[PDB]
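As C-alpha cells, the structure follows; a few thoughts come after it.
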Amino acid sequence: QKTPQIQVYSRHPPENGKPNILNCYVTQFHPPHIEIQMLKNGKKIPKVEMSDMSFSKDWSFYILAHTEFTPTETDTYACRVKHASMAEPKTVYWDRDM
Amino acid sequence: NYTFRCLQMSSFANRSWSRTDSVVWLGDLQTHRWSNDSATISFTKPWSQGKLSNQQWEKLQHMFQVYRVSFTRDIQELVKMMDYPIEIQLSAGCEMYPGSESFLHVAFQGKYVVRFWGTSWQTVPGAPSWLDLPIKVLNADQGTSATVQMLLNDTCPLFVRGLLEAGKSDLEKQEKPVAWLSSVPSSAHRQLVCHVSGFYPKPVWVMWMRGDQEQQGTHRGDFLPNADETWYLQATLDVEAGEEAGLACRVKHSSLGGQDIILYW
Ligand SMILES: *[C@@H]1O[C@H](CO)[C@@H](O[C@@H]2O[C@H](CO)[C@@H](O)[C@H](O)[C@H]2NC(C)=O)[C@H](O)[C@H]1NC(C)=O
Ligand SMILES: CCCCCCCCCCCCCCCC(=O)O
Ligand SMILES: *[C@@H]1O[C@H](CO)[C@@H](O)[C@H](O)[C@H]1NC(C)=O
C-alpha cells in the first residue's frame, strides 16, 4: 500500500476576485482506488472534473482533479483524499504563498 | 526523443468483480483511453488513429477486444487455481529515436514481475516463484507470442511514426509560460517562490537571479500538470530577511522567442 501525495495549485496567477482554475494533483498511491473531493470553505464543490487514472515508471498511480474557482480574501479551498492506505481522509488546503 | 506508452490497469476484487482500464501516452500527451465499460477504444486526440486506415484500426481494436476479454478470463482462472484483491498493471510500447526500442513490463500488486523479451515472457529477478509455471505454459502459446512480437517489433514503431506525423501541430505547439512570485516563512528566514505556469513543451529554464548572477541555490520542484496540457513548476530560493531585495526570477522557454520573463521581487 502506497500513501497519496496531494499538491494543490492554481492554473493562473491567483488574483482576488478573478475566476481561475484550481488543480489538485494526487500522486504516489496504490492500489488505484481513491476518492477525491475538492472543497470550498470545507464544503464539497460539485462540478469537479478529473483526468483518467494513469501511473508512473515506479508503478504508482496519479490523477489530476481540477475545478473552477475564484480566490478571495475569505474563502478556503481544499483537496481531500480518501485512500485505503490511511485511516482518515487527508485534506490539503490550497495556499497561494505555496 | 519520444516514448509511446500503453498503460493497462486491471483490478480483481473477487471471483465476480473485476475491471480493466487503460490509457495511452505519446510523450506527455494522452492519445487514447479505454474505459472498462466501453466496448471500444476512445481517441483523446484528433490524430489518435495516426496513419492507420479505418480497416487496420478496426482489426487492431478487435485484437485488443479479444485480448481484454481473454486476459480477464486468464487471470480469474489462474487465481481460482494458483489471494484478493488483485492489482495488475501493464506498461507496453516503444521509445522512438531520430533514425526504436519496444517494451512490455508487467507488475502485480504494484511490483514489477514479468516482461516480454525478444520472443518470450520472463519472470523478473525476485518475482514470486509460483509465477514460473503459468509463464512457461504461456510461452507455449505460439499464437500469442507471435502477435506480441509483431505488436512490439513492427506495429508499435510504425504506428507511432504515423502519430508523430499526424499530431505534428499538437506535438510542436508552443504555449507561453506565465510567472508569479510569492514567499513563505520558515521555522527560523524566508523562501522565495517563482511560479511558472502554462508552458508547453515541458523543457524550461527557471532561475533566481541577482542581476546577471545566477543563484545556484535555485531549487526546481516537480513538473505538475495543468488540465489544459500545459505544465506548472515552482523554482524556490531560501533567503535571509533583507536578502530578497534585488532578486529576480528569470524564465526562459522556447515559446518566448528569446524574451525571457524577468520578475523582480
Ligand atoms: C522481435 O525482435 C526480437 C528482438 O527484440 C527478436 O528476437 C531475437 O531474434 C534474434 C534473431 O532471430 C535471435 O537471435 C535472438 O535470440 C532474439 N532475441 C531475444 C532477446 O530473444 C524477435 O525474433 C523479433 N520477432 C519478430 C516477429 O520480428
Ligand atoms: C502491445 C505493445 C505495443 C502496442 C502497439 C499498439 C499500436 C497501437 C496502440 C493503440 C492503443 C491501444 C491501447 C490498448 C492498450 C490496452 O488496452 O491494454
Ligand atoms: C467491466 O466490463 C465488463 C463488460 O463491460 C463487465 O461485465 C464488468 O462487470 C465490468 N466491470 C465493472 C466493475 O463494471
Side-chain angles (χ1 to χ4, degrees), chain A residues 4-27 29 34-51 62-83 86 88-98, chain B residues 175-186 189-200 204 206 208 219-239 241 244-245 247-251 253 261-265:
Chain A
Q5 303 300 131
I6 307 156
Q7 300 167 267
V8 188
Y9 46 108
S10 68
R11 172 65 177 72
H12 307 278
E15 285 212 63
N16 287 329
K18 309 271 176 286
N20 198 322
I21 286 129
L22 190 56
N23 293 326
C24 175
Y25 188 47
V26 178
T27 63
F29 61 94
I34 206 165
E35 188 164 342
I36 298 150
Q37 275 159 13
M38 300 190 70
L39 314 163
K40 177 172 177 148
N41 310 317
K43 290 145 105 90
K44 196 177 142 33
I45 295 154
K47 293 291 162 66
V48 185
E49 277 140 47
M50 323 237 11
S51 79
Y62 64 84
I63 187 152
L64 181 60
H66 77 305
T67 195
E68 265 170 64
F69 87 134
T70 300
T72 62
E73 37 284 304
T74 69
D75 297 293
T76 68
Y77 295 95
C79 195
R80 190 210 281 154
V81 180
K82 191 170 183 197
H83 190 247
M86 308 170 299
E88 204 80 62
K90 188 164 82 203
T91 309
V92 172
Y93 290 78
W94 177 60
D95 178 326
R96 76 182 83 182
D97 319 306
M98 234 106 66
Chain B
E175 308 288 356
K176 299 182 183 159
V178 162
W180 62 101
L181 308 182
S182 66
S183 69
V184 142
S186 76
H189 306 105
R190 308 278 310 166
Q191 204 193 80
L192 261 40
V193 183
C194 182
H195 308 258
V196 194
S197 203
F199 63 95
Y200 199 83
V204 68
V206 190
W208 288 91
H219 174 97
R220 284 132 250 110
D222 301 306
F223 298 74
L224 313 181
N226 282 308
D228 63 342
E229 291 184 321
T230 56
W231 283 109
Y232 172 87
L233 177 75
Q234 295 169 186
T236 69
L237 186 77
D238 306 334
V239 292
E244 310 89 348
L247 290 179
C249 178
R250 194 202 268 244
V251 182
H253 186 271
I261 304 306
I262 299 160
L263 287 180
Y264 268 94
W265 175 272

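As a basis for the values below, the full set of heavy atoms in this structure was taken, side chains included, without hydrogen atoms, waters or symmetry mates. Chain letters run A, B, ... following the sequence lines, proteins first and then strands; every chain starts at 1.
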Quiz item: Which word best sums up how the rings of B:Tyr232 and B:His195 line up, parallel for under 30°, tilted for 30 to 60°, or perpendicular for over 60°?
Solution: tilted
Quiz item: Would you say the side-chain atoms of B:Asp238 pair up with the backbone N or O of B:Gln191, donor to acceptor, closer than 3.5 Å?
Solution: no
Quiz item: CD1 of A:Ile36 to NZ of A:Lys82: how many Å apart, nearest 0.5 Å?
Solution: 13.5 Å
Quiz item: Taking the side chain as C-beta and beyond, is there a heavy-atom pair between B:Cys249 and B:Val206 under 4.5 Å?
Solution: yes
Quiz item: For atom NZ of A:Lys40, is the number of surrounding heavy atoms from other residues, nucleotides or ligands below 6.0 Å larger than 12?
Solution: yes
Exercise. Give, for atom OH of A:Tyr93 and atom CG of A:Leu39, the distance between the pair rounded to the nearest 0.5 Å.
Key: 7.5 Å
Quiz prompt | Sub-4.5 Å side-chain heavy-atom contact between B:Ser197 and B:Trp180 | solution = yes
Quiz item: If we only count heavy atoms from C-beta on, is the B:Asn226 to A:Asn23 side-chain gap below 4.5 Å?
Solution: yes
Quiz item: Does the side chain of A:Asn20 come within less than 4.5 Å of A:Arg11's, by heavy atoms?
Solution: yes
Practice problem: Determine yes or no for a side-chain-to-main-chain donor-acceptor pair under 3.5 angstrom, with A:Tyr9 supplying the side chain and B:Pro225 the backbone. | Solution: yes
Quiz item: Counting only heavy atoms not in A:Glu68, do more than 12 sit closer than 6.0 Å to its CD atom?
Solution: no
Quiz item: Does the A:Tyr77 side chain pair with the main chain of A:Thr70, one donor and one acceptor, at a distance under 3.5 Å?
Solution: yes
